[PDB]
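Take a look at the structure set out below.
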Amino acid sequence: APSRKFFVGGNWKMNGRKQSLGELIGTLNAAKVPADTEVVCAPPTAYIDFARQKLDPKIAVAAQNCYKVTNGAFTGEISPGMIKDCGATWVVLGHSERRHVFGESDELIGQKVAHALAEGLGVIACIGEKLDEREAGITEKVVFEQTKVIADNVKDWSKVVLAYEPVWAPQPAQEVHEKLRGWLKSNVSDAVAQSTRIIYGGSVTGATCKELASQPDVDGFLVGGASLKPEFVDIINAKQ
Amino acid sequence: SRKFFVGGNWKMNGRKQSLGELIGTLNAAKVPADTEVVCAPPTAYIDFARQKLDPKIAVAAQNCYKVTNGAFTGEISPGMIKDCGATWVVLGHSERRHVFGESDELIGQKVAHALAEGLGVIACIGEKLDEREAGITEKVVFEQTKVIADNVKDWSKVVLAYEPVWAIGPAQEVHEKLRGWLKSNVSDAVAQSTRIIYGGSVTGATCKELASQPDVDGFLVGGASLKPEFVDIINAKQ
Ligand SMILES: [Br-]
Ligand SMILES: [Br-]
Ligand SMILES: [Ca+2]
């Protein structure tokens, strides 16, 4: 049915311990996820290896962040090389919490994108405007600036997914996704615009997934709180 | 007297194969009596390292955040660290302060949370070259220490690490001043019992002389912690 393969990422954020995450993983393994959804789970960094060992190999594992060189004097960071060594195949970059709580600049995010892709990871590249920005009427400026930094660091979009986070919060998600796809068409290529998944972040739940997934430019979801809950399986099945 | 303390900060280095080999060499080494050894692996390898290291060596995380769970993509909490079997966290490392912009206020909040959650804390302080050359080392490190101390109720599980950021090639002079700070601003008892470890460059060839200084209680070792000479550093008092 869709033009781009449906993509569902679950961002566990800074939540869970071995016991509770083991239970979450058991539930996902028992769901037998459909072949037509690409599912990725992003555990806290201390649990990437633990989670990859237990999770169904059909579900991919992402790190929630990484740094921009293979090794070095960066206490508290991890590199793409470590992510791959733990069996993870994706990284989430530019998440709103890294930008707005931890002050990660666009320049730094672009450098991380380039390094992660060179190292062979997939990247879930996050963008989004804050409340003050939406109220000031500059949604497009903000998300187009963020997207261009990402694009300037992407040579091959096959392993990139763009995630729009409505940090400020007919469907408003659809309006933004259509504009982002138009940006890709005009500034990268029609082929990249037509093939790149643009997934919706923020507060996706079992109650909103079917309506949002029916929007023509919404290709999936980056799921926060609901990724810890049984309803994540219903989100995976939003197109079934 | 104060138990000699040797921490190895692996920073953002190593993979399972190379860290497994490093751990084998540490497991085979004889750790002297009255010496507390701690290794701080990259965050992706805290659990791995704890599983492979002999219990004689403790594991530290290289950083943590200031609440137990929450919407902090990319962070880990003290509860997760303890769940992986680690018993320490390094907080305030110069790279966190200067590359990643962590404020004194944030570091203090992390210290309080990690202690409340049952971890030991290696709390790092230190001046940059421009501060050393301006003559303000003491002012800088005293203020950093004050923010830490305002967040420490019980010093039993705290170790203070002095890292002159520029010392990549004195220590005793600063350690003596920091101990005097503890004496005047906390208590004589805390000053006498708290380990103050040196986190500037330490190698096998410099460790014995540093360890003999009266106010140096051990080391937070950087690059040498990845190398065989870390075992010589563990033996710096022998
Ligand atoms: Br999220
Ligand atoms: Br260090
Ligand atoms: Ca001494």
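Bear in mind these aren't lab numbers, they're just calculated from the coordinates by the rules spelled out. Please note: Cβ atoms are built from the backbone with ideal geometry, for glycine as well, and neighbour counts cover all protein chains shown.
Any chance the stretch B:160-179 includes a residue that's over 19 Å from B:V37 (Cα atoms), away from chain A (no Cβ under 14 Å) and away from ligand 3 (no atom under 16 Å from the Cβ)? Within the stretch B:160-179 (the criterion being over 19 Å from B:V37 (Cα atoms), away from chain A (no Cβ under 14 Å) and away from ligand 3 (no atom under 16 Å from the Cβ)), the answer is yes, since at least one residue qualifies. In the stretch B:50-72, of all residues being over 30 Å from B:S1 (Cα atoms) and assigned to a helix (DSSP H, G or I), the one that is farthest from the other protein chains (Cβ to nearest Cβ) corresponds to B:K52.
Among the residues of the stretch B:197-232, those identified as within 14 Å of another protein chain (Cβ to nearest Cβ) and within 16 Å of ligand 3 (Cβ to nearest atom) are B:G199, B:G200, B:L220, B:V221. For the list (1) farther than 25 Å from B:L182 by Cβ; (2) among the hydroxyl-bearing types (S, T, Y); (3) more than 10 Å from every other protein chain (Cβ to nearest Cβ), I need the number of the one condition that B:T145 fails. Looking at each condition in turn, B:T145 falls short on (1). Selection over the stretch B:95-117 of residues that are within 14 Å of chain A (Cβ to nearest Cβ), small (G, A, S) and surrounded by fewer than 22 Cβ atoms within 10 Å (Cβ to Cβ) gives a count of 2. Scanning the stretch A:80-94 for residues that are facing another protein chain (nearest Cβ under 9 Å) and farther than 24 Å from B:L226 by Cβ turns up just one, A:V92. In the stretch A:1-22, which residues are within 14 Å of chain B (Cβ to nearest Cβ), of a type outside the set (A, V, I, L, M, F, W, C) and not in a strand (DSSP E or B)? Result: A:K13, A:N15, A:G16, A:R17, A:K18, A:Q19, A:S20, A:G22.
Scanning the stretch A:145-159 for residues that are buried (at least 18 other Cβ atoms within 10 Å of the Cβ) and either under 16 Å from A:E175 (Cα atoms) or of a type outside the set (A, V, I, L, M) (or both) yields a count of 4.
Using the structure shown, decide if A:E77 is of a type in the set (D, E), within 16 Å of ligand 1 (Cβ to nearest atom) and within 13 Å of chain B (Cβ to nearest Cβ). No, not satisfied. Taking the stretch A:148-179 as the range and being in contact with a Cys (Cβ under 6 Å, 6 or more places away or on another chain) and under 18 Å from A:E135 (Cα atoms) as the test, only A:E165 passes.
Among the criteria (1) within 12 Å of chain A (Cβ to nearest Cβ); (2) in a loop (DSSP other than H, G, I, E, B), the one B:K30 does not fulfil is (1).
Scanning the stretch B:208-224 for residues that are farther than 18 Å from B:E176 by Cα and touching a helix residue (DSSP H, G or I) at 6+ places or on another chain (Cβ under 8 Å) yields B:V221, B:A224. Could you check the stretch B:73-93 and list, in sequence order, the residues that are surrounded by 23 or more Cβ atoms within 10 Å (Cβ to Cβ), among the small types (G, A, S) and either within 16 Å of ligand 2 (Cβ to nearest atom) or assigned to a helix (DSSP H, G or I) (or both)? The answer is B:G92, and nothing else.
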